[PDB]
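Notes follow once the structure below has been shown.
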Protein chains: 2
Amino acid sequence: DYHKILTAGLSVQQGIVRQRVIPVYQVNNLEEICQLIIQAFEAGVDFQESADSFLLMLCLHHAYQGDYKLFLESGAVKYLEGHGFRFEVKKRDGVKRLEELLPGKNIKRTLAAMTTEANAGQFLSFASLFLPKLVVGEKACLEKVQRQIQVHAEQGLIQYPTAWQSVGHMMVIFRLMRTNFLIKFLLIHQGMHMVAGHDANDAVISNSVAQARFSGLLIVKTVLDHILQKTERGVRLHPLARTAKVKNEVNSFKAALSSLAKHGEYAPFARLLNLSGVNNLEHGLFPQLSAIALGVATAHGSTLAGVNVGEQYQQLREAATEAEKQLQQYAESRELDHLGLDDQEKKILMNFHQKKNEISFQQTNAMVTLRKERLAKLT
Amino acid sequence: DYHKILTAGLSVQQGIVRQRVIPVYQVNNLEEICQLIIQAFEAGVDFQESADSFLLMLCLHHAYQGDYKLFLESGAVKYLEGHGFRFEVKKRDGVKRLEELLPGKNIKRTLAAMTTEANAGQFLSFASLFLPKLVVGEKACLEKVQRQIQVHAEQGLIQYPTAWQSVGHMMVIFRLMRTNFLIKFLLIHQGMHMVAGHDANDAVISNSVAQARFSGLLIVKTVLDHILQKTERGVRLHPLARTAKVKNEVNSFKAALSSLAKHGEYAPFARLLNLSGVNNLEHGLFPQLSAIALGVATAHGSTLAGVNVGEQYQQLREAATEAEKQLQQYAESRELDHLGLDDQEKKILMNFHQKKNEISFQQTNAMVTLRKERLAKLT
RNA sequence: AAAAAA
RNA sequence: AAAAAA
RNA sequence: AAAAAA
């Protein structure tokens, strides 16, 4: 077989090619340490390589109330150990300053050159607000965070310190979330696994994690929801994508999904967690499938019209959207003649469909207009 | 299978990813402690993380009269332990002040800086009045509480202290109910499990819990009562939702229900208890199904017309409501011709249906008018 | 999350 | 060796 | 990477 070469570098056996040792500090005054960590973050301290330990202590305190034995027996740890993480407990008790935990001289002087209004749960749940759209850029991410804060306030669920709502603070949090794997992983793991018993902060994390599913992986939804159509007999390929020119992108896409599947329950977060195989799902690798799948999906989702694509894709996208709207009006019209609708009943449904389509069309246009206005504002 | 990725993060094995240790204080003067707790709540004291212990003592006193052995063998405890709760008994007897139970310096000073008219049963039953509409916002919740108090007074069932009817007090209670899982859980558990022997306070809790079923989960009633129609042969899909455009939302909805089902008897309270999987039932995930299911349901329930939806949904909702009213008039008219109604009997039923529909139409309009007036008042 | 429920 | 790929 | 989601 001569085509196997094309997939040779896509699928490898799991093993460990890296080692990452994280100090786990075991102190009696865990709450005091957590308060110092929050203050250091409010002050804009970059803990660099030591950040994993400080973020871990906030997580350990929040999730296990200092129970280090359970923390290190958790599913999160067992998962991480299989990827080269090593957790070592260091009993550096009696600590009054974070500079006494640090093994990086720049961190030590930043901390040397130093009461807050928050606990670890609030710090972590605030950080989790950045998971949806984390991978869409800092502008989009910050707007999403602001929108969620306003909702949580309206819910009466949680109120964050006003200092944290400043841009300068949110950018510190954004950078920690973009560069620190462990904090993203732990927030996702807890949000996706707690069953009952959530505190206000856990409700926030759980909701934020749910909103991050497939964030940055729209191609996995537009292709699987509209191009590859699963039915009782198998998977049908949508007519606008049955062209030989794009069928190869469809099969290449299936190969990419086959590699993402190795991550199980974390696969929906592959773009946030930079999981292996996510690079096989880039839009540039599937230029016809990307424009077509989004274009047909846009004919159904009136809000999907707000999604931007590059210039290469915009014209094909519109061609696919218009073709899908026409294909569906035909399909809706013929489906009624296979139903036991007599005449009078059928006519009611016809008027419903016409109204439904007009309402959607108007909604779609409104979103297109906003997309253009947003680009004009960025320009 | 390539569509399995879409559900990968929705269903996980139950296990414990958190530990929450709750001190259970064992004192001889349990009634005196309960009175101190009520006074602290009347004073607006925020017990933060210790709130679980104080709320637990009020519950333990009310439900078991101080029998700690039975309390800790209860179904409520066995359930909670499976989610990481740990209950430890601390024999801190001889206590005169709550500051002597507390392990949080802000709580200690608030209590340091300090006779009431109520018992634990009243405190707990008052708090339970906030369960219906707890998740609809503080305005709606407070109005519901006021309406229930007036009813209970008319019933001659229970009279609450006038101080508790102030807004400032009700907001303390609202915040405890919004953020403390354990109190919501315990009120629901008792309300849903007592069979006979209810005191005035238990009658109030039981009624308040019954009214909280599916509070915040209207989508689970409008879809299951009107879109997915169970009959002897299986489940039929309502004509206004047989469009391919929404059939995917219907199947996605079934997947969400499949995850809520893991909670058994507590599933109807998933929005109040923030139970895992409830985030798969959000209206934004099912925009056509949400507007249509509510719209058709509104054609049957004249009071359902008072429910607000966002602007995205309002036009589709009305289109579905009008289509359903027309579909039903046709259905009612034809059904009579399949019944042994001769002529004279059939005509009586026809006039009945016409009157019934006119009465409902007028009632629906009245509710629509109120919905608009309420929005105008909020504006 | 948004309506009714002695 | 020659192009595209958040 | 780009939209919506109490």
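FYI, it's all coordinate maths here, none of it is from the lab. Methodologically, a virtual Cβ is constructed for each residue, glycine included, from the backbone with ideal geometry; neighbour enumeration extends over all protein chains shown.
The residue list B:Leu134, B:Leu142 contains one member that is within 14 Å of chain A (Cβ to nearest Cβ), buried (at least 20 other Cβ atoms within 10 Å of the Cβ) and within 16 Å of RNA strand E (Cβ to nearest atom), which is B:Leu134. The condition of being buried (at least 21 other Cβ atoms within 10 Å of the Cβ) and more than 15 Å from RNA strand E (Cβ to nearest atom) holds for only one of B:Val235, B:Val209, B:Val246, that being B:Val209.
Just one of the listed residues (B:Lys245, B:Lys262) is within 13 Å of chain A (Cβ to nearest Cβ) and within 22 Å of A:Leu349 (Cβ to Cβ), namely B:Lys245. Kindly indicate whether A:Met177 is within 16 Å of RNA strand E (Cβ to nearest atom) and in contact with an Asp or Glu (Cβ under 7 Å, 6 or more places away or on another chain). No. On the basis of being within 14 Å of chain A (Cβ to nearest Cβ), more than 16 Å from RNA strand D (Cβ to nearest atom), buried (at least 19 other Cβ atoms within 10 Å of the Cβ) and more than 16 Å from the chain's Cα centre (by Cα), does B:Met170 make the cut? Considered against the rule, which asks whether it is within 14 Å of chain A (Cβ to nearest Cβ), more than 16 Å from RNA strand D (Cβ to nearest atom), buried (at least 19 other Cβ atoms within 10 Å of the Cβ) and more than 16 Å from the chain's Cα centre (by Cα), B:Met170 comes out as yes. Taking the conditions (1) assigned to a helix (DSSP H, G or I); (2) within 14 Å of RNA strand E (Cβ to nearest atom); (3) within 14 Å of another protein chain (Cβ to nearest Cβ) in turn, A:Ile149 satisfies each one other than (3). Among the criteria (1) surrounded by 13 or more Cβ atoms within 10 Å (Cβ to Cβ); (2) away from chain A (no Cβ under 12 Å); (3) under 25 Å from A:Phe71 (Cα atoms), the one B:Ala51 does not fulfil is (2). Could you please let me know if A:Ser259 is surrounded by fewer than 19 Cβ atoms within 10 Å (Cβ to Cβ), over 14 Å from A:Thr222 (Cβ atoms) and among the hydroxyl-bearing types (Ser, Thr, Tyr)? It is false that A:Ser259 is surrounded by fewer than 19 Cβ atoms within 10 Å (Cβ to Cβ), over 14 Å from A:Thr222 (Cβ atoms) and among the hydroxyl-bearing types (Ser, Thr, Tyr). Would you please name the residue that is farthest from B:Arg20 (Cα to Cα), looking only at residues in region A:193-205 that are at the interface with chain B (Cβ under 7 Å from one of its Cβ atoms) and surrounded by fewer than 24 Cβ atoms within 10 Å (Cβ to Cβ)? Residue satisfying both the conditions and the ranking: A:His193. Restricting region A:173-192 to residues that are β-branched (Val, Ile, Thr) and surrounded by 22 or more Cβ atoms within 10 Å (Cβ to Cβ), which is nearest to B:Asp1 (Cα to Cα)? For region A:173-192, the residue satisfying everything is A:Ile188.
Screening B:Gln150, B:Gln122, B:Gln159 for residues that are buried (at least 18 other Cβ atoms within 10 Å of the Cβ) and of a type in the set (S, T, N, Q) leaves exactly one candidate, B:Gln122. Selection over region B:106-119 of residues that are exposed (fewer than 13 other Cβ atoms within 10 Å of the Cβ), under 34 Å from the mean Cα position of the chain (by Cα) and either within 14 Å of chain A (Cβ to nearest Cβ) or not in a loop (DSSP other than H, G, I, E, B) (or both) gives a count of 1.
Before we move on, is A:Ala244 more than 20 Å from the chain's Cα centre (by Cα) and more than 16 Å from RNA strand C (Cβ to nearest atom)? So A:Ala244 passes the test. With respect to the conditions (1) crowded, with 16+ Cβ neighbours inside 10 Å; (2) touching a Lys or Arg at 6+ places or on another chain (Cβ under 6 Å), A:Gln26 lacks only one, and its number is (1). Evaluating A:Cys59 against the criteria (1) within 16 Å of A:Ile173 (Cα to Cα); (2) more than 11 Å from chain B (Cβ to nearest Cβ) leaves one unmet condition, (2). Is it true that A:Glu311 is among the acidic types (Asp, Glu) and within 16 Å of RNA strand D (Cβ to nearest atom)? Considered against the rule, which asks whether it is among the acidic types (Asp, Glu) and within 16 Å of RNA strand D (Cβ to nearest atom), A:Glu311 comes out as yes. Can you find a residue that is surrounded by fewer than 19 Cβ atoms within 10 Å (Cβ to Cβ) and away from RNA strand D (no atom under 16 Å from the Cβ) anywhere in region A:282-303? The answer is yes, given that some residue of region A:282-303 is surrounded by fewer than 19 Cβ atoms within 10 Å (Cβ to Cβ) and away from RNA strand D (no atom under 16 Å from the Cβ).
Can you confirm whether B:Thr298 is within 19 Å of B:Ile227 (Cβ to Cβ), more than 16 Å from RNA strand E (Cβ to nearest atom), of a type outside the set (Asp, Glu) and under 35 Å from the mean Cα position of the chain (by Cα)? Judged against the criteria, B:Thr298 is a match.
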